[PDB]
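S.K.: I am sharing start-v3.csv, which consists of CSV, C-alpha atoms:
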```
chain,number,residue,atom,x,y,z
A,42,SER,CA,-59.8,-75.3,16.0
A,43,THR,CA,-63.5,-76.0,15.7
A,44,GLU,CA,-63.7,-74.1,12.5
A,45,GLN,CA,-61.0,-76.3,10.9
A,46,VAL,CA,-62.7,-79.6,11.7
A,47,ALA,CA,-66.1,-78.1,10.8
A,48,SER,CA,-65.6,-76.6,7.3
A,49,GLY,CA,-65.2,-78.4,4.0
A,50,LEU,CA,-65.6,-78.2,0.2
A,51,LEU,CA,-67.6,-80.7,-1.9
A,52,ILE,CA,-67.1,-81.4,-5.6
A,53,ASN,CA,-70.3,-82.7,-7.3
A,54,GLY,CA,-69.6,-83.0,-11.1
A,55,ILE,CA,-67.0,-82.3,-13.7
A,56,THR,CA,-67.7,-81.7,-17.4
A,57,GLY,CA,-65.4,-81.0,-20.3
A,58,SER,CA,-65.5,-79.4,-23.8
A,59,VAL,CA,-64.1,-80.7,-27.0
A,60,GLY,CA,-64.4,-79.8,-30.7
A,61,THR,CA,-61.2,-79.5,-32.6
A,62,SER,CA,-59.3,-82.7,-31.9
A,63,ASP,CA,-59.1,-83.0,-28.1
A,64,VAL,CA,-60.5,-81.7,-24.8
A,65,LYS,CA,-59.3,-78.2,-24.0
A,66,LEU,CA,-61.7,-76.7,-21.4
A,67,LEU,CA,-62.8,-78.1,-18.0
A,68,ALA,CA,-65.8,-77.0,-16.0
A,69,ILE,CA,-66.0,-78.0,-12.3
A,70,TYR,CA,-69.2,-77.6,-10.2
A,71,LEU,CA,-68.8,-76.9,-6.5
A,72,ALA,CA,-70.8,-76.4,-3.3
A,73,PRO,CA,-69.9,-76.0,0.3
A,74,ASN,CA,-70.4,-78.6,3.0
A,75,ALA,CA,-73.3,-77.9,5.3
A,76,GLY,CA,-71.3,-76.9,8.3
A,77,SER,CA,-68.9,-74.4,6.8
A,78,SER,CA,-68.8,-70.9,8.1
A,79,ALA,CA,-67.5,-68.7,5.2
A,80,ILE,CA,-65.5,-70.0,2.3
A,81,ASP,CA,-63.6,-67.2,0.6
A,82,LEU,CA,-62.8,-67.9,-3.1
A,83,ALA,CA,-60.1,-65.2,-3.3
A,84,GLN,CA,-57.5,-67.6,-1.8
A,85,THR,CA,-58.4,-71.1,-3.0
A,86,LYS,CA,-55.9,-72.8,-5.3
A,87,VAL,CA,-56.2,-75.8,-7.6
A,88,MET,CA,-53.5,-78.4,-8.2
A,89,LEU,CA,-53.4,-80.7,-11.2
A,90,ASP,CA,-51.0,-83.5,-12.1
A,91,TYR,CA,-50.4,-84.8,-15.6
A,92,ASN,CA,-47.5,-85.8,-17.8
A,93,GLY,CA,-44.8,-85.0,-15.3
A,94,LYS,CA,-46.4,-81.6,-14.7
A,95,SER,CA,-47.7,-80.5,-11.3
A,96,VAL,CA,-49.6,-77.3,-11.9
A,97,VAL,CA,-50.7,-74.7,-9.3
A,98,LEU,CA,-53.3,-72.1,-10.2
A,99,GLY,CA,-54.6,-68.9,-8.6
A,100,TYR,CA,-57.6,-66.6,-8.8
A,101,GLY,CA,-58.1,-64.6,-12.0
A,102,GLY,CA,-59.5,-61.1,-12.2
A,103,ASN,CA,-62.7,-61.8,-14.2
A,104,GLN,CA,-66.1,-63.2,-13.2
A,105,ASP,CA,-69.8,-63.0,-14.2
A,106,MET,CA,-73.2,-62.8,-12.6
A,107,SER,CA,-74.9,-65.3,-15.0
A,108,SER,CA,-78.0,-66.1,-12.8
A,109,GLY,CA,-80.7,-66.5,-15.4
A,110,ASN,CA,-78.8,-66.8,-18.6
A,111,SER,CA,-77.5,-69.7,-20.7
A,112,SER,CA,-74.6,-71.1,-22.8
A,113,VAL,CA,-72.0,-71.5,-20.1
A,114,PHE,CA,-69.2,-72.1,-22.7
A,115,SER,CA,-69.9,-68.8,-24.5
A,116,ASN,CA,-69.4,-65.8,-22.2
A,117,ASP,CA,-66.1,-64.2,-21.0
A,118,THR,CA,-63.8,-67.2,-21.5
A,119,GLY,CA,-60.8,-65.2,-22.7
A,120,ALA,CA,-58.7,-64.4,-19.6
A,121,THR,CA,-57.2,-67.8,-19.0
A,122,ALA,CA,-53.7,-69.6,-19.3
A,123,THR,CA,-52.5,-69.2,-15.8
A,124,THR,CA,-55.7,-68.9,-13.7
A,125,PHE,CA,-59.3,-70.1,-13.4
A,126,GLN,CA,-62.6,-68.3,-13.9
A,127,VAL,CA,-65.6,-68.2,-11.7
A,128,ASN,CA,-69.3,-68.2,-12.5
A,129,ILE,CA,-72.3,-67.9,-10.2
A,130,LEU,CA,-75.3,-70.1,-10.6
A,131,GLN,CA,-77.3,-69.4,-7.4
A,132,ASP,CA,-77.2,-66.8,-4.7
A,133,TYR,CA,-80.2,-65.7,-2.7
A,134,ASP,CA,-78.8,-63.0,-0.4
A,135,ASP,CA,-76.3,-61.7,-3.0
A,136,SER,CA,-73.3,-62.4,-0.7
A,137,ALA,CA,-71.1,-63.7,-3.6
A,138,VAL,CA,-71.7,-61.1,-6.2
A,139,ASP,CA,-68.8,-59.0,-4.9
A,140,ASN,CA,-65.5,-60.1,-3.3
A,141,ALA,CA,-66.2,-63.9,-3.5
A,142,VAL,CA,-67.8,-65.1,-0.3
A,143,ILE,CA,-69.8,-68.3,-0.3
A,144,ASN,CA,-72.4,-68.7,2.5
A,145,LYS,CA,-74.4,-71.8,3.3
A,146,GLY,CA,-76.2,-72.8,0.1
A,147,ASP,CA,-74.6,-71.3,-3.0
A,148,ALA,CA,-73.5,-72.9,-6.3
A,149,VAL,CA,-70.4,-71.8,-8.1
A,150,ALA,CA,-68.8,-73.2,-11.2
A,151,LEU,CA,-65.1,-73.0,-12.2
A,152,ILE,CA,-63.7,-72.9,-15.7
A,153,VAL,CA,-60.1,-73.9,-16.5
A,154,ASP,CA,-58.4,-73.9,-19.9
A,155,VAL,CA,-56.1,-76.8,-20.6
A,156,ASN,CA,-54.5,-76.1,-24.0
A,157,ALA,CA,-52.9,-72.8,-22.9
A,158,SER,CA,-51.9,-74.1,-19.5
A,159,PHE,CA,-50.4,-77.5,-20.2
A,160,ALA,CA,-49.1,-76.5,-23.6
A,161,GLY,CA,-50.7,-79.4,-25.5
A,162,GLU,CA,-53.8,-81.6,-25.2
A,163,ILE,CA,-55.3,-84.3,-23.0
A,164,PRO,CA,-55.8,-87.6,-24.9
A,165,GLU,CA,-57.9,-90.5,-23.9
A,166,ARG,CA,-57.2,-93.4,-21.5
A,167,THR,CA,-55.4,-91.2,-18.9
A,168,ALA,CA,-55.8,-90.8,-15.2
A,169,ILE,CA,-55.4,-87.5,-13.3
A,170,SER,CA,-55.7,-86.6,-9.7
A,171,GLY,CA,-55.8,-83.2,-8.0
A,172,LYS,CA,-57.0,-81.2,-5.0
A,173,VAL,CA,-58.9,-77.9,-4.4
A,174,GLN,CA,-57.5,-76.9,-1.0
A,175,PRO,CA,-59.4,-74.1,0.7
A,176,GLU,CA,-57.9,-71.6,3.2
A,177,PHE,CA,-58.7,-73.7,6.3
A,178,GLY,CA,-61.1,-76.5,5.5
A,179,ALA,CA,-60.8,-80.0,4.0
A,180,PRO,CA,-60.0,-80.5,0.3
A,181,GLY,CA,-62.1,-82.2,-2.3
A,182,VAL,CA,-60.3,-84.8,-4.4
A,183,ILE,CA,-60.5,-85.0,-8.2
A,184,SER,CA,-60.5,-88.2,-10.4
A,185,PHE,CA,-61.6,-88.1,-14.0
A,186,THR,CA,-60.2,-91.2,-15.7
A,187,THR,CA,-61.0,-90.6,-19.4
A,188,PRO,CA,-63.3,-92.7,-21.5
A,189,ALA,CA,-62.0,-94.7,-24.5
A,190,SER,CA,-64.0,-92.8,-27.2
A,191,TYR,CA,-65.0,-89.3,-27.9
A,192,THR,CA,-68.4,-89.0,-29.7
A,193,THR,CA,-70.2,-85.7,-29.1
A,194,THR,CA,-69.0,-82.1,-28.8
A,195,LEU,CA,-69.7,-82.1,-25.0
A,196,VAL,CA,-68.5,-85.2,-23.1
A,197,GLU,CA,-69.2,-86.0,-19.5
A,198,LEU,CA,-66.3,-86.9,-17.3
A,199,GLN,CA,-67.6,-87.2,-13.7
B,95,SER,CA,-74.9,-76.6,-21.5
B,96,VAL,CA,-77.9,-74.6,-20.5
B,97,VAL,CA,-78.8,-73.4,-17.0
B,98,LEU,CA,-82.4,-72.2,-16.3
B,99,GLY,CA,-84.1,-70.4,-13.5
B,100,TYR,CA,-87.6,-69.7,-12.2
B,101,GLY,CA,-90.0,-67.6,-14.3
B,102,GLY,CA,-92.6,-65.2,-13.0
B,103,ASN,CA,-95.7,-66.9,-14.3
B,104,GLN,CA,-97.7,-69.9,-12.9
B,105,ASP,CA,-101.3,-71.2,-12.9
B,106,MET,CA,-103.8,-72.9,-10.5
B,107,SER,CA,-105.1,-75.4,-13.1
B,108,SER,CA,-106.6,-78.0,-10.6
B,109,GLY,CA,-109.8,-79.1,-12.4
B,110,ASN,CA,-109.2,-77.8,-15.9
B,111,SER,CA,-107.8,-79.4,-19.1
B,112,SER,CA,-105.5,-78.9,-22.2
B,113,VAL,CA,-102.1,-78.5,-20.5
B,114,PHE,CA,-100.5,-77.2,-23.7
B,115,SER,CA,-103.1,-74.4,-24.2
B,116,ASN,CA,-102.9,-72.0,-21.2
B,117,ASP,CA,-100.2,-69.3,-20.4
B,118,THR,CA,-97.3,-70.7,-22.4
B,119,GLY,CA,-95.9,-67.4,-23.6
B,120,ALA,CA,-93.4,-66.3,-21.0
B,121,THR,CA,-90.5,-68.7,-21.9
B,122,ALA,CA,-87.1,-68.5,-23.7
B,123,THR,CA,-84.9,-68.3,-20.6
B,124,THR,CA,-86.9,-69.9,-17.8
B,125,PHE,CA,-89.4,-72.7,-17.1
B,126,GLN,CA,-93.1,-72.5,-16.1
B,127,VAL,CA,-94.9,-74.2,-13.3
B,128,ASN,CA,-98.3,-75.9,-13.2
B,129,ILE,CA,-100.1,-77.4,-10.2
B,130,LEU,CA,-102.0,-80.6,-10.6
B,131,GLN,CA,-102.9,-81.5,-7.0
B,132,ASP,CA,-102.7,-79.7,-3.7
B,133,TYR,CA,-105.0,-80.5,-0.7
B,134,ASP,CA,-104.0,-78.0,2.0
B,135,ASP,CA,-103.2,-75.2,-0.6
B,136,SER,CA,-99.6,-74.8,0.4
B,137,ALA,CA,-98.3,-74.5,-3.1
B,138,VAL,CA,-100.8,-71.9,-4.5
B,139,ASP,CA,-98.6,-69.1,-3.4
B,140,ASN,CA,-94.8,-68.8,-3.0
B,141,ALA,CA,-94.0,-72.3,-4.3
B,142,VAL,CA,-93.7,-74.7,-1.4
B,143,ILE,CA,-94.3,-78.4,-2.0
B,144,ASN,CA,-95.3,-80.5,1.1
B,145,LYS,CA,-95.6,-84.3,1.3
B,146,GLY,CA,-97.8,-85.3,-1.5
B,147,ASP,CA,-98.2,-82.7,-4.2
C,1,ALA,CA,-51.1,-71.6,42.4
C,2,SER,CA,-52.8,-74.8,41.4
C,3,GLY,CA,-55.3,-73.2,39.0
C,4,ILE,CA,-53.5,-74.1,35.9
C,5,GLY,CA,-55.8,-77.1,35.2
C,6,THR,CA,-56.5,-75.9,31.7
C,7,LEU,CA,-52.9,-76.0,30.4
C,8,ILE,CA,-52.6,-79.6,31.5
C,9,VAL,CA,-55.6,-81.1,29.8
C,10,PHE,CA,-57.6,-78.7,27.6
C,11,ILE,CA,-55.1,-77.7,24.9
C,12,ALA,CA,-53.6,-81.2,24.7
C,13,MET,CA,-57.0,-82.9,24.3
C,14,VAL,CA,-58.1,-80.3,21.7
C,15,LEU,CA,-55.0,-81.0,19.6
C,16,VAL,CA,-55.4,-84.8,20.0
C,17,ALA,CA,-59.1,-84.4,19.1
C,18,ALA,CA,-58.2,-82.6,15.9
C,19,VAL,CA,-55.6,-85.2,15.0
C,20,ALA,CA,-58.0,-88.1,15.7
C,21,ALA,CA,-60.7,-86.4,13.7
C,22,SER,CA,-58.4,-85.6,10.8
C,23,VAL,CA,-57.5,-89.2,10.5
C,24,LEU,CA,-61.2,-90.2,10.1
C,25,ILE,CA,-62.0,-87.4,7.6
C,26,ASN,CA,-59.0,-88.0,5.4
C,27,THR,CA,-59.2,-91.8,5.4
C,28,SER,CA,-62.6,-91.9,3.7
C,29,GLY,CA,-61.9,-90.1,0.4
C,30,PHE,CA,-59.7,-92.9,-0.8
C,31,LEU,CA,-62.2,-95.6,-0.1
C,32,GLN,CA,-65.2,-93.7,-1.5
C,33,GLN,CA,-63.3,-92.9,-4.8
C,34,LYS,CA,-62.2,-96.5,-5.0
C,35,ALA,CA,-65.7,-97.9,-4.4
C,36,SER,CA,-67.4,-95.4,-6.7
C,37,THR,CA,-65.4,-96.5,-9.8
C,38,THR,CA,-65.8,-100.2,-9.1
C,39,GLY,CA,-69.6,-100.4,-9.6
C,40,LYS,CA,-69.8,-98.4,-12.8
C,41,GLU,CA,-66.8,-100.3,-14.2
D,1,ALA,CA,-61.5,-80.1,31.3
D,2,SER,CA,-62.1,-83.5,29.8
D,3,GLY,CA,-65.7,-82.8,28.8
D,4,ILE,CA,-65.0,-82.2,25.1
D,5,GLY,CA,-66.1,-85.7,24.2
D,6,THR,CA,-68.4,-84.4,21.5
D,7,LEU,CA,-65.8,-82.6,19.4
D,8,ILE,CA,-63.7,-85.8,19.1
D,9,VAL,CA,-66.3,-88.2,17.8
D,10,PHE,CA,-69.8,-86.6,17.1
D,11,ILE,CA,-69.1,-84.1,14.3
D,12,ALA,CA,-66.6,-86.4,12.6
D,13,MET,CA,-68.9,-89.4,12.6
D,14,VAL,CA,-71.8,-87.1,11.3
D,15,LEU,CA,-69.6,-86.0,8.4
D,16,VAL,CA,-68.4,-89.5,7.7
D,17,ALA,CA,-72.0,-90.8,7.9
D,18,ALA,CA,-73.1,-88.1,5.4
D,19,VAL,CA,-70.2,-89.1,3.0
D,20,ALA,CA,-70.9,-92.8,3.3
D,21,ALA,CA,-74.6,-92.2,2.7
D,22,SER,CA,-74.0,-89.9,-0.3
D,23,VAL,CA,-72.0,-92.6,-1.9
D,24,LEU,CA,-74.9,-95.1,-1.7
D,25,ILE,CA,-77.5,-92.7,-2.8
D,26,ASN,CA,-75.6,-91.4,-5.8
D,27,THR,CA,-74.3,-94.8,-6.9
D,28,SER,CA,-77.8,-96.1,-7.7
D,29,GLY,CA,-79.1,-93.7,-10.3
D,30,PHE,CA,-76.6,-94.8,-12.9
D,31,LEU,CA,-77.4,-98.5,-12.5
D,32,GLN,CA,-81.2,-97.9,-12.4
D,33,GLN,CA,-81.2,-95.8,-15.6
D,34,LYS,CA,-78.9,-98.3,-17.3
D,35,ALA,CA,-81.1,-101.3,-16.3
D,36,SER,CA,-84.4,-99.6,-17.2
D,37,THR,CA,-83.4,-99.0,-20.8
D,38,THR,CA,-82.0,-102.5,-21.3
D,39,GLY,CA,-85.3,-104.4,-20.8
D,40,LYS,CA,-87.4,-102.2,-23.1
D,41,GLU,CA,-84.7,-102.1,-25.7
E,1,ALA,CA,-46.6,-60.5,62.8
E,2,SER,CA,-46.4,-63.4,60.4
E,3,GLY,CA,-50.1,-64.4,60.6
E,4,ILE,CA,-51.1,-62.8,57.3
E,5,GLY,CA,-51.0,-66.2,55.5
E,6,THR,CA,-54.5,-65.7,54.1
E,7,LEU,CA,-53.7,-62.5,52.2
E,8,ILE,CA,-50.9,-64.2,50.4
E,9,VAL,CA,-52.6,-67.3,49.0
E,10,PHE,CA,-56.4,-67.4,49.8
E,11,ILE,CA,-57.8,-64.4,47.9
E,12,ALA,CA,-55.4,-64.9,45.0
E,13,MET,CA,-56.3,-68.5,44.5
E,14,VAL,CA,-60.0,-67.8,44.9
E,15,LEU,CA,-59.8,-65.2,42.0
E,16,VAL,CA,-57.6,-67.5,39.9
E,17,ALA,CA,-60.1,-70.3,40.5
E,18,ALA,CA,-63.0,-68.1,39.4
E,19,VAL,CA,-61.1,-67.1,36.2
E,20,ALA,CA,-60.1,-70.7,35.4
E,21,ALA,CA,-63.7,-71.9,36.0
E,22,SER,CA,-65.2,-69.0,33.9
E,23,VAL,CA,-63.0,-70.1,31.0
E,24,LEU,CA,-64.4,-73.6,31.1
E,25,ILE,CA,-68.1,-72.6,31.5
E,26,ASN,CA,-68.0,-70.0,28.8
E,27,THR,CA,-66.0,-72.1,26.3
E,28,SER,CA,-68.8,-74.8,26.1
E,29,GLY,CA,-71.8,-72.8,24.8
E,30,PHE,CA,-70.2,-72.1,21.4
E,31,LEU,CA,-69.4,-75.7,20.8
E,32,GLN,CA,-72.7,-77.1,22.0
E,33,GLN,CA,-74.7,-74.6,19.8
E,34,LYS,CA,-72.4,-75.4,16.9
E,35,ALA,CA,-72.8,-79.2,17.4
E,36,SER,CA,-76.5,-79.1,17.9
E,37,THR,CA,-77.3,-77.5,14.6
E,38,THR,CA,-74.9,-79.8,12.6
E,39,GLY,CA,-76.8,-83.0,13.2
E,40,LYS,CA,-80.3,-81.7,12.4
E,41,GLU,CA,-79.0,-79.9,9.4
F,1,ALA,CA,-54.3,-71.6,52.1
F,2,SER,CA,-53.9,-73.7,48.9
F,3,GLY,CA,-56.6,-76.2,49.7
F,4,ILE,CA,-59.2,-74.8,47.4
F,5,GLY,CA,-58.5,-77.3,44.7
F,6,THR,CA,-62.2,-78.3,44.5
F,7,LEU,CA,-63.5,-74.9,43.6
F,8,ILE,CA,-61.1,-74.7,40.6
F,9,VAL,CA,-61.9,-77.9,38.9
F,10,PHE,CA,-64.8,-79.9,40.5
F,11,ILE,CA,-67.8,-77.7,40.1
F,12,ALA,CA,-66.7,-76.5,36.7
F,13,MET,CA,-66.2,-80.0,35.3
F,14,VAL,CA,-69.6,-81.1,36.8
F,15,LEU,CA,-71.3,-78.3,35.0
F,16,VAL,CA,-69.4,-78.8,31.7
F,17,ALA,CA,-70.2,-82.6,32.1
F,18,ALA,CA,-73.9,-81.8,32.5
F,19,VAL,CA,-73.9,-79.6,29.4
F,20,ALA,CA,-72.0,-82.0,27.3
F,21,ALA,CA,-74.3,-84.8,28.3
F,22,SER,CA,-77.5,-82.7,27.8
F,23,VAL,CA,-76.3,-82.1,24.2
F,24,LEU,CA,-76.1,-85.9,23.5
F,25,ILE,CA,-79.4,-86.7,25.2
F,26,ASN,CA,-81.4,-84.0,23.5
F,27,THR,CA,-79.9,-84.5,20.0
F,28,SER,CA,-81.2,-88.0,19.7
F,29,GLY,CA,-85.0,-87.5,19.9
F,30,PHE,CA,-85.2,-85.6,16.7
F,31,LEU,CA,-83.3,-88.2,14.7
F,32,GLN,CA,-85.2,-91.1,16.2
F,33,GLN,CA,-88.6,-89.6,15.5
F,34,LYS,CA,-87.5,-88.7,12.0
F,35,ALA,CA,-86.1,-92.2,11.3
F,36,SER,CA,-89.1,-94.0,12.8
F,37,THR,CA,-91.6,-92.3,10.5
F,38,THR,CA,-89.5,-92.9,7.4
F,39,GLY,CA,-89.6,-96.7,7.3
F,40,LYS,CA,-93.4,-97.1,8.0
F,41,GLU,CA,-94.1,-94.3,5.4
```
Go through the file and emit its structure as structure tokens.
M.R.:
Amino acid sequence: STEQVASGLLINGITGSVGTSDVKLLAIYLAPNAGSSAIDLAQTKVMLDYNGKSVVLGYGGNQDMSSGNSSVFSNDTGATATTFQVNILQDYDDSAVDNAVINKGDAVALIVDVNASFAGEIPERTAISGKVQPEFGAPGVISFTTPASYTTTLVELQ
Amino acid sequence: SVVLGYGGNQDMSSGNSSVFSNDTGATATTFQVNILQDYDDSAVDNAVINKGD
Amino acid sequence: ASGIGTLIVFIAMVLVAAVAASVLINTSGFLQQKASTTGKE
Amino acid sequence: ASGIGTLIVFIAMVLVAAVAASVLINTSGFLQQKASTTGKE
Amino acid sequence: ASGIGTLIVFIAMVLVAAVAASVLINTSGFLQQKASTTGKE
Amino acid sequence: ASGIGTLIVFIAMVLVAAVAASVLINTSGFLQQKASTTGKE
């Protein structure tokens, strides 16, 4: 019972990609709270809520070890449409390179495709919630109420 | 969206000049570190910044 | 015979502690995400 | 038996304190970098 | 004949008392060393 | 026979009370001596 009150999961920034007519890829940064024992990314599920659609996701069998490289939106983004994808940004004692275990101090990004999972688009002036429930910790809450104008090919959302 | 990391080259230029003219040829996926002030030489090796560097 | 002093108090206070903590953790996300939008709007 | 007074209050208030502080630290950078450009533009 | 009232209750309650005490002593070190690191981290 | 109700609960709760108090006393000096330097620096 101490492990349930101790652990957690902290969202610290959400970006999105655009470039045809509307947003179709989301990138979520992520980091564990500084009391968590061992967050295991093989069993964490993301819910999203939009347009009368409540969508539950699961882990997808593709990842990358991009610690040193660049161009986050240009490597291995073709195994989507029912799952999310995991990228590693920082790992000292290489405990997350295999079998998805985050210790105290990593940085892991998530990539979700929207066009092939909602069957459509995500226009402006909307409001979407959602949760990133771990196995036993406390969830981080999502809110990315969209801006009223799209200008560049890479827009910030949170 | 470009993510960088630490690069294996640095310098101890505390006293010299011409920042854009020394050891700028180990780039293209990383950044490079120069030291401008360190009293108790705690950042000369292994990159530890104390209070006041 | 009377050495069941843990079953009376320990498990019950652990569960009540978890409940009273889970109130305070879950009551903060609503107000932080309501207060964060207000300044930058 | 009833000496679990730290698990009720201490860890929960430390986490709520960190959350309520991280709101106030992260809400200031947007307004300082919006107010700094306004004068010199 | 019936003066064996100590063998029924005394030794058994001493052992159950030692067990129920050794639970409460040994269950506190984990939570104190988990709560001490949390504040100063 | 069953009048050993003090050995079960009393000594164990006194020791657990001392431990749970010694956590709270010793966890405050670090944060007070970290917070006192911060303002006057």
S.K.: Excluding same-chain residues fewer than 4 positions from residue 15 in chain C, what lies within 12 Å of it counting all atoms listed in the file, as a PyMOL selection string?
M.R.: (chain A and resi 42-43+45-46) or (chain C and resi 9-11+19-22) or (chain D and resi 4+7-8)
S.K.: Quick one: residues within 9 Å of residue 2 in chain C, all atoms listed in the file, excluding same-chain residues fewer than 5 positions away - as a list in words?
M.R.: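 Final neighbour list, sorted by chain and number: residues 13, 16 and 17 of chain E; 2, 4, 5 and 8 of chain F.
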S.K.: Can you tell me how far CA of residue 75 in chain A sits from CA of residue 28 in chain E, in Å to one decimal?
M.R.: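 CA of residue 28 in chain E lies at a distance of 21.5 Å from CA of residue 75 in chain A.
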S.K.: Just the number, please: distance in Å from CA of residue 155 in chain A to CA of residue 184 in chain A, one decimal.
M.R.: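 Answer for the CA of residue 155 in chain A to CA of residue 184 in chain A separation: 15.9 Å.
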S.K.: Residues of chain A within 12 Å of chain C: nearest atom pair and distance (Å, one decimal) for each, counting only C-alpha atoms, sorted by chain and number, as a tab-separated table?
M.R.:
```
residue	atom	partner	partner_atom	distance
A:42	CA	C:18	CA	7.5
A:43	CA	C:18	CA	8.5
A:44	CA	C:18	CA	10.7
A:45	CA	C:18	CA	8.5
A:46	CA	C:18	CA	6.8
A:47	CA	C:21	CA	10.3
A:48	CA	C:25	CA	11.4
A:49	CA	C:25	CA	10.2
A:51	CA	C:29	CA	11.2
A:52	CA	C:29	CA	11.8
A:170	CA	C:33	CA	11.0
A:172	CA	C:29	CA	11.5
A:178	CA	C:22	CA	10.9
A:179	CA	C:25	CA	8.3
A:180	CA	C:26	CA	9.1
A:181	CA	C:29	CA	8.4
A:182	CA	C:29	CA	7.3
A:183	CA	C:33	CA	9.0
A:184	CA	C:33	CA	7.8
A:185	CA	C:37	CA	10.1
A:186	CA	C:37	CA	9.5
A:188	CA	C:41	CA	11.1
A:199	CA	C:37	CA	10.3
```
